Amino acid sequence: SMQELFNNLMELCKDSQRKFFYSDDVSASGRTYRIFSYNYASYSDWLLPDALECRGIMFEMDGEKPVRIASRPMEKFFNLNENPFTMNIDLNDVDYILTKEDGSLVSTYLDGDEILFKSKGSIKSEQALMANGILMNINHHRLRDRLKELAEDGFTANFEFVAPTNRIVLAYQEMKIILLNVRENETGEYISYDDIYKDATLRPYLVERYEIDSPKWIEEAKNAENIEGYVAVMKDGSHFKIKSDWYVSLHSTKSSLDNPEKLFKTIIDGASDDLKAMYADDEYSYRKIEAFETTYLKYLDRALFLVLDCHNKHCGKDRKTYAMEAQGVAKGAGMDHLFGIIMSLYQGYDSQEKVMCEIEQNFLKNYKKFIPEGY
């Protein structure tokens, strides 16, 4: 049930903000929403109860009790051969593929009498607000009506928001929203592509589908240029993706496999999953990347706890006493480089998020000492 899904999601957020977390938002109409997201997660984490649904699902809240699922974005999915979820896949079970658009996901939710958009982790991000602005345009009033009724019926429409001012890798000329899929809030089931295709009002915004009879599209995707790739939809409705080496080589940034600082940066940027899949045929590289991932997740858990714990437990005391406790915790953990971050938490950080960004940047300066043994 909806309450059971909510309980499992709250259970995932107990660990640390490094993994699964939630955040409360208030819309212009004053309604209270709780979004469940994530930062870094290993295969083992994705195996936890309903963890795959912890990437953007939103509930309208009444205190700590959920009233309804306001928005249901897609479940987390991965690149082919990225981890056990997408290994040993029967490629002949691929139903069809879709153009993988390169922007930012925006998902609908009904707010009072208004149909609005939310980005991955916020209802007021820059993409979310710009997306809302588009839906207000008279040239999209028929779509707006369509989306509003869907939402009042318990369905979430997921779009890729693209724009020249929202460039990731691909260069889009105009700002627009491309319809990717429509998911039922309560069950998580998707309306078939065909059913969406049937609606002449929606078709113009619908992402392009390519029918499939063989897996030849895969190697062609990997070797293509000027495209990110495609999202495959299986006979059972599940997804997996194929990104071109060209796209990943630009998204990764530089020479990750030849420079530990750059590899760690890729991991921090959340792009090592693509890199890992790209080198799936290169066992050494694939596993090397995993080792750095594991090393980074382990460090982040430890560092985050250490800094937050020390601040919480000694924030009240004076500066000298605090500094001594900070020195103690830092020194007593081979984490001497964290003293500065701890000293900065005394006057607090704009969020357990700000703290995490300083830790990430600070890690890139002291990366040398954490390179996994053997590399």
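Don't overthink the numbering: it's just position in the shown sequence, from 1.
- Between the stretches 51-59 and 321-329, it is 321-329 that shows the larger average CA temperature factor.
- Relative to its counterpart among 201-209 and 251-259, 251-259 has the higher mean temperature factor, C-alpha atoms as listed in the PDB entry.
- Annotation for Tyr43, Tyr346, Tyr33, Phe36: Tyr346 ranks highest, by Cα B-factor.
- In the PDB entry, a CA B factor belonging to the highest third of its chain's modelled residues is recorded for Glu186.
- In the deposited entry, the Cα temperature factor of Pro164 places it in the highest third of its chain's modelled residues.
- Among all modelled residues in its chain, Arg142 ranks in the lowest third by Cα B-factor.
- Among the modelled residues of its chain, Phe305 has a C-alpha B-factor that falls in the highest third, as given in the PDB entry.
- Annotation for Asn88: CA B-factor lies in the highest third of the chain's modelled residues.
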